[PDB]
Structure formats: C-alpha cells, structure tokens
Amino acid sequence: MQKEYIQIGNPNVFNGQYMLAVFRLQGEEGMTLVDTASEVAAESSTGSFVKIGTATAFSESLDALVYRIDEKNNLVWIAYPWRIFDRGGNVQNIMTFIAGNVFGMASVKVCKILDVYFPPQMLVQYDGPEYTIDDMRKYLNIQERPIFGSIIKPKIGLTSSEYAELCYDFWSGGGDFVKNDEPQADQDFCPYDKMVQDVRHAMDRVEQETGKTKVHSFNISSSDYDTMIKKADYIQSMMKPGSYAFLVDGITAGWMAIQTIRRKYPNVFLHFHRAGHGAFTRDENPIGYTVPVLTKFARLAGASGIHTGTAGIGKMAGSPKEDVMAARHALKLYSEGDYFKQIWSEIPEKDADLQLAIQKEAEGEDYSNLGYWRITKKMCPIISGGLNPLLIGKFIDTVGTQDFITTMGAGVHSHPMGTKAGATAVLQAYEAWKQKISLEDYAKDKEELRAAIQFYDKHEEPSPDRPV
C-alpha cells in the first residue's frame, strides 16, 4: 500500500482529464478502507508509485487518485487519467484497468463499480452509437411508437423453416422485429445458412402481403472473428439494407466483438445481448459492476441497443429504478447514475445550445439538432420479460419513453388465437393507450385484443418469459 494514490480533495479530478468511478469497497479484516482503496487505485492504473522517471513530463502523473471517501457507507471515489487507457477508443482496455485484477484480489472482499463518469474530452475518443432506433423506425416507416418485437419459442430446437414461419406469423400480425435467441447459431438442426435464407423468404412473403417492412436481428456471435464476419457478409448478401440487425453476445463473445461490428458495419443496428452480465451486475455479487455502468460502457462502445427488464411491470414486485436508469443512460443527452451526472456530448457544459437542447429534451424533443458529430448518439433499451397487450400501456407510462424495442415471447405466442393475432393484440393495445381509450372499450371492436384481455388476466403461463 502506497499513500501516494490517496489524494483526498484533489481539485483537479474535475478538470476533464479524468474518468471518475465510485466503488463500493471493503478490505479483508484488518485492512482500512483507505488502504484498500490505495491498492485498488494502484492495480487499476500504474501498479506502483514511482517518483522519479517514467514517461510523464515532470509536471504530469498517470496514477489513479482516491479523491473522496465515505467510510460509513464503504464508498470510494477514484479518478483515472484517461490518457492511461489504450488509444483507438478501446473499451475492453478500460474494463481491463478498472474491472480486471481488482476483482481477483482476495484482500478486497467487496469491490463493486457503482457509477462512472466520462468527461466531454474523453467522449471525443470513443465511437458512441451510429445506427439508432431512429434509423430503424425510418426503415420500418413508423414514427413515435415503440418497436414491437418477439423472441421465438421454443428458443432452440426449431428447424430453419419452423423458425422462419413463426417469424412470418409475428410480422404478419403487425409485429416489427424478431431476434434470434442469444445462442442461436449454426446448430445442425437449424443450420445458419438455411436459417438466414428461410428468414428472408418469410420476410418477402410478409412484405408482399402487408406492404410493410420488417426487421430480423441475427446472432452473429461465433467461434472466431473470421466466422462472425463471414456471417455478417452473408446476411448482407441475403437481406435488404435495414431489414437485419446484428446481435452480438457482448459479455461472452466480448467487448472487442461489439466494437468490431460497430466499426465494420456502422450502418447496421448493433444489438448488444447482455447474457452473462449478471455475474458482474447482480446485487447478490459484492464483486463486479452494476447494470447502469454496463449500459454506459455499451453506449460508449457504440451498441445501438442493449437489453433491460420491464421496469417492474408484469414482474411480481420488482423495482423500476434500475431499468429506467439504464434506459435514460442509453437514450438521453442528460442522464444520471447514483453518483454522477452525465452529459452525452463533447460540447462543454456551459454552451448555450447544449443547455437549450437539455431543456428541450426535458420537454420531449430530440437533440439531434446539436449535430450528430457533437453528441453521443442514442442507444435504446430492448425489453425482456413478461409484457403482454394488457401491460404495454402501463410500461410506456412507467419507463417514460416510447424509444424501446420489446422482445415478447409468451405475451404474443400464448395468445389463444395464435402468434399473428398476438402481435395484432399488442398493436391494438398500443393504439388504445395512444388514443386514451380503455382496453375493454377498444376491444369491443377488435377480437384479438378482446381475446388478450380474457386470456392474459388469468392464464398461468407454463413457461413464462425470463429476464435478459
């Protein structure tokens, strides 16, 4: 333990040269919080303090600094000179410093990153998203409303033709979007080449019959990069521009896979499937980093969408706080964590145009007028869990935005009239919400929604939708 990593009250940490982080931290018995914090700061930056030498100018330092402590609540604030991070906008490298070996120190019994802050100067160095929910709405030729999507059930085991036919049914009923299961890939019983081909053919039929475009999100997570690229290129050759998204298992395949697809296919929606995140993010795990932190780094890395839950809706009990925090970190110009306020722009905070855009955001207006080259573009939540037509209105009112993509399973496929009618019932429920008509009244005219009222009030689902 070297005391030089402890600089309580250091004014300079807010000067824009530092990424900030809050850790919940607790050392093993006999180690003080400040001693523990020094070791965490050291191992997440320069390792050892060196007074003479190193590459810094005489006036410069690369050490992380503990600048605030709350012993009562086992909290420490650490400032990272972001110059220490790899260039080229490398997000896996940041996570390797702050969320790497520190999680392996047996002397640190609690080590949870609760929040991080990116100064405007740092945001310049990272991609942020490029293709957004606004671009997907444009391809779908819809405005304002959420994008209503589906997972297929059973999630693994259908043949390519069976899988595509349920996509056809959902899209045919007015559904917008279908995702592969997060580990749906090149299983021999549903081979990847045929899966893509059969999805295209199913989508062609819906387009011919309804006149409407649709989107399918393909899992391209693979053994290796060459295979993932071969899948992405194959999909681009098999599907019309806009009609496909790329699903990457960001936690298991890796941060590098997210950034690779963001950069090689910038005009394709990049769907960050966060399967596996719970080991980092769950409340029960004292070592890791929280869902809001994950979401912030996913936006920095350039994901177009990342999953959340249903903000407590449908889920018995369940707090909305975390999902709404994540949705706002994903979507807004101004968002807040538990410890840091975040403006998602390289424009300095004092700028009059920026502050006006922040105020207009509070009034419900998009902030693209600032220039996409001066902001971090929006990433959207992808909603996993037990929504159904009876709950979509309450969910919109709870999350406070329509800028999300649902991925409903039971809430469409268990509809007693079938998946097509199930998708229709969700759209009808949305219309009732928009027009301020009760479900019951709106359904007097509409058998799909009427059937959904009778069914989803009472049905005990044998296999409920699960979290992502």
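Throughout, we count residues from 1 along the sequence that is shown.
Between the stretches 272 to 280 and 172 to 180, it is 172 to 180 that shows the larger average CA temperature factor. In this entry, the higher average B-factor at the C-alpha atoms falls on 442 to 450, of the pair 442 to 450 and 5 to 13.
In the PDB entry, the Cα temperature factor peaks, among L354, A232, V102, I287, at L354. Taking the deposited Cα B-factors for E43, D403, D35, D63, the highest one is held by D35. Annotation for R262: C-alpha temperature factor in the lowest third relative to the rest of the modelled chain, per the entry. When the modelled residues of the chain are ordered by C-alpha B-factor, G89 sits in the lowest third.
Split the chain's modelled residues into thirds by C-alpha temperature factor. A106 is in the highest one. Among the modelled residues of the chain, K155 sits in the lowest third by CA temperature factor in this PDB entry. Among the modelled residues of the chain, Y80 sits in the lowest third by CA temperature factor in this PDB entry.
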